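Here are two versions of the same chain, shown separately as structure tokens and labelled structure 1 and structure 2.
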Structure 1
């Protein structure tokens, strides 16, 4: 165990001791607001955190989750509660000790990368030490070392504005790491990047955490972004609905009914956007390019007018290319075609024989989606 929290809470607005007393009994937040006009972002939060335990904190815009982070670091002074780090509280600390705790243990990462545009990447990276009054060569050494750990040192002596989101995020994370912190707070760090770069950053972060065993108070509104990396989750709606974590207990034994809609636990509404190949104008090479970009091995083939026609496979396209023979001849018209919400489960047998999915073709020939062993999921939900 590393952290331990007790009745931590934060009240905004004015005339708040009344609100503090109220939460000391258990009045809901909405009553407090309507009575005092003192909006509350956190409410009787109690939990604990261990070492190396990426502890995600999910929720919606308005749950007061980033506020919880900033309370851990005390950027926002807690209205009440305690935070036992290193057997040392944090809400009862003088300024200098809190300052050293910030410089040494904690470190922060932000949604929009929290970077100084009036500096070059290395200065931003070393700022955490620059403010600690240390000689400059070791500062620059650790900065270049961290950047080399992120494969962008050649991109130093440049300015953030001339970079892309991913490199700015890597720079912010390195600035955080330069300190050798025992903790890393994030406020939707990867939420501003592209989802591809988002996955890349998640994988890199997991790699790091495997190498570096340090706590991480992540924050995200994407449940995917939490299950991928999160070792213990905590969902927040103005308070801790449940944080049993371990990934499934949010899915297996959700205490509330709100979580079960937050994670979103019949008919063929499970169809997914399809990968299409308009044969009449495109051909084999285009189809193979589409497969490469789309990271698949087969495709669905339609008529120019968006009528479904059949299926295409990588080998079929290759044969077409070598033979110069075009599509609509080396093609798979025979397919287990399906309707929109009309073959829910009678399809169980047919889905097994055919490795390819079963396009949910509209009765008029149009196509909406496909089905790839997502049917086995809710066929057995019974």
Structure 2
């Protein structure tokens, strides 16, 4: 296995330890988020992600689905928990080791494409390397190959504002890929596209994964697209994982009608 989680916890607001332990009683989060006012992101999630798979993550919009991601790479400081990768726990790292992690191992993809409008394609896509102090020629070549693998090297001098939602997403994915990461995080990557280009990006992602294998984590809200991508799906609600079913999620329905 490439990833191993151990009791991941994220709680906002003050009363850090007091609220953490008072909720550690295991009560439904609704009570503490409604009355006591202590917001909750997750609660004691202990799962894992094996190499060369797709651990999709569902959850109604507002159920702490992307917070788990943003915790994996520490875009939000997790209260307590452990994320063992490459025999390394991330939460117990200084800025240097964490930066090297983010540089070489993990890299995200964003809903609104998280693109620098003031920088052109061959300028953005190379960011993942520019940050690494990479030879301009080498990073340029890597960017251009990451582009032509998506068939956009022709537009290597335009600006994002002059492109399409699907093209912007493909450029974001090229930026994520040029760094050649062992892990690929995707947070609602296709939540702003049309169904047909959505499905097209899905097929592109699958063909690339099958061709180039690497661990993927994926957030989404449709079960159909998921099962189209789902190698190990795991839905979430109230900030709590409930299952890790590939073809059984839709079979077994533990305390959930949303599964249909």
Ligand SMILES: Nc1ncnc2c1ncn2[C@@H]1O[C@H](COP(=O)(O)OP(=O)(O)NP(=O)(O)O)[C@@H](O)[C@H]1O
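Numbering follows the first chain given and starts at 1. Take the two forms, find the largest set of C-alpha atoms that superpose within 1.5 Å, and that set is the rigid core.
message: The form deposited without this ligand: is that structure 1, or is it structure 2?
response: Looking at both copies of the chain, structure 2 is the one that matches the description.
Out of 130, 248, 86, 203, the residue that alone shifts its CA by 2 Å or more between structure 1 and structure 2 when the rigid core is the reference: With the rigid core fitted, the residue that moves is 248.
Core-superposed C-alpha of residue 33 shifting 2 Å or more between structure 1 and structure 2: The answer is yes, as the C-alpha of residue 33 shifts between structure 1 and structure 2 by 2 Å or more after core alignment.
task: Kindly check if the Cα atom of residue 182 is displaced 2 angstroms or more between structure 1 and structure 2 relative to the superposed rigid core.
output: After core superposition, the displacement of the residue 182 C-alpha between structure 1 and structure 2 stays below 2 Å, so no.
- prompt: Is there a C-alpha shift of 2 Å or more at residue 231 between structure 1 and structure 2 once the rigid core is superposed?
  reply: No.
task: Once the rigid core is superposed, tell me how far the Cα of residue 19 moves between structure 1 and structure 2, in Å to one decimal.
output: A shift of 2.0 Å.
query: For residue 69, what C-alpha shift in Å is seen between structure 1 and structure 2 once the core is overlaid?
result: Core-aligned C-alpha shift comes out at 0.1 Å.
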